[PDB]
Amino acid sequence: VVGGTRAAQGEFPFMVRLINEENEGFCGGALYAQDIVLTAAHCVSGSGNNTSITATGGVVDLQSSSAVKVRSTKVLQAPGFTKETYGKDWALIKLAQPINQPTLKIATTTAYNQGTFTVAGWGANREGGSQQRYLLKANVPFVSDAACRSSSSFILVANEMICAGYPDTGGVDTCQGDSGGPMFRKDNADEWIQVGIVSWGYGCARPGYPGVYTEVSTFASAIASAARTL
């Protein structure tokens, strides 16, 4: 996360750090269920039995001896996924045991696809920077699909992608190692709800280039339905 600050212990307790040992990937994710992690499709190489991914939960400090590290058993990657710029950027990871933390509810309508979001992760705080020890967080405003394209010239799958950040100035964004983490905000009951998954962009926090996130509301019923088979 670029332009952010340290999250407090317990602030976003649904956050997990993913290490895909097989392909050397470092990613974020959210506890969709205590034993099912919602992350990006591009964080995994496909669907099936997979015991190569590790989820670290419970802690903002990844070197903490309170950390809970649990291994995957199974991955379900969005059907038809090919690359994150073409959409469908979601996957579920079934864990061998639950991580005993609050879960993050996901948006199932577009009602919350606006306003000011929060993102969090342990990715770099600058382009080419290294990974973070402590979870970082930042607020990024919704950028309309139209405002996103005009500065960017990004080609969006509009219903599958939500943009966020400060295209006029840059300065705040998710970055390498944040992929798969949730983008979220408060709902009407003052509870956290997930509207995005950190998906892609062009560098990090560059003027003209907002971050692009998987638009969760579009995929919520396919996600819920896939999680039930897990």
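So that there is no doubt, residue numbering starts at 1 and follows the sequence shown.
The stretch 150-158 shows the higher mean C-alpha B-factor when 116-124 is compared against 150-158 in the entry. Once the C-alpha B-factors are averaged per stretch, 182-190 and 37-45 rank with 182-190 first. Within the group 131, 85, 101, 110, the record's highest C-alpha temperature factor is found at 110. Annotation for residue 163: C-alpha temperature factor in the middle third relative to the rest of the modelled chain, per the entry. Among all modelled residues in its chain, residue 205 ranks in the lowest third by Cα B-factor. In the deposited entry, the Cα temperature factor of residue 174 places it in the lowest third of its chain's modelled residues.
For residue 10, the recorded CA temperature factor ranks within the highest third of the chain's modelled residues. In the PDB entry, a CA B factor belonging to the lowest third of its chain's modelled residues is recorded for residue 91.
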